[PDB]
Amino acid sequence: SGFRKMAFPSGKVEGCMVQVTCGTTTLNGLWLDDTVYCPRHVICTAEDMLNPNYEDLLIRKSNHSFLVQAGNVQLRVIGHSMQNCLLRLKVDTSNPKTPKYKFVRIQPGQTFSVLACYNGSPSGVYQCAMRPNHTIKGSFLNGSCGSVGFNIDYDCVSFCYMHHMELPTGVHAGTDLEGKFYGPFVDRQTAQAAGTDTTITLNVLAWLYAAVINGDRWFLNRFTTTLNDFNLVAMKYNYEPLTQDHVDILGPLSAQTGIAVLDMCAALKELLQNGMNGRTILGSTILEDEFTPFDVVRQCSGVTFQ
């Protein structure tokens, strides 16, 4: 039946995107109820970017220093505050499209959908994972600040990311919806670089289970392994150490395929040591680590091929 890196339908989120301008800077904002959220760096000027003092720069502005536009309608800002690295703009109107939602701080290794926006207008949607080094490999251009990352459960949108900047390696950094950065990054244009990253072991294992659920067992073997013996091989290939908690999480998938977690680890250990041998898994020539065990169960069918 196939396996794709699919994102959540973006509708509920599109109806919350607005444009926010201050000075000569324009970026996207998130409009929920009667509040608009956006990167606080929107109040910076070319010279302020290197070493800005936001509390100082902010006190120097008023409600009308901010221009908030929803579609082709201007929104009147009647208050403002700073929450960590975000600005909280109160508007005279409550967003009619506000969906049931909540703010969540995603954890490393987890995935979410990003709705790339420009000038308050949604341009695209794609899935990505929060890297262990706290960055994401997105696709953002100037003007994308304010674009958000999210997950959806039933009809509740869990916002978990707002975009703020790009690092030298072409990767991206941002904050949760409370304005707290993911990683040791700060909103200042002083030299910063992503730390060394690692492969998300739990996800690679989840992805292998998905492959089995979809029909092939070519990579499996007759061996098994000690959690400890696996981790020695993990360090060598720069994979995150596997823990008992990770083993526990893979429980349901293990049950649906009848393949013991440690046996799959043995299978992975072999793939890392011998390679793909010119063969593919779910269409890939490399081991994918951007699918959580949750993403697999969500997408795949509850019945394995066999």
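Residue numbers run from 1 along the displayed sequence. Here the rigid core means the biggest group of C-alpha atoms that line up within 1.5 Å when the two forms are laid on top of each other.
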query: Stretch with larger C-alpha RMS deviation in 9 other deposited structures of this protein, core superposed, 139-147 versus 227-235; finding: 139-147
query: Selected stretch [higher average CA B-factor]: 239-247 or 276-284; finding: 276-284
query: Entry-level comparison of average CA B-factors, 187-195 and 109-117, reporting the higher stretch; finding: 187-195
query: C-alpha B-factor winner, where the candidates are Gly146, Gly215, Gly149, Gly170; finding: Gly215
query: Candidate residues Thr175, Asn72, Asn142, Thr201, the one whose C-alpha B factor the record puts highest; finding: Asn72
query: Modelled-residue ranking by C-alpha temperature factor, third containing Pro39; finding: lowest
query: Record-listed C-alpha B factor of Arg222: chain third; finding: highest
query: Ranked C-alpha temperature factor of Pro252 among modelled chain residues, by third; finding: middle
query: B-factor third for the C-alpha atom of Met17 within its chain; finding: middle
query: Third of the chain, ranked by Cα B-factor, where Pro122 sits; finding: middle
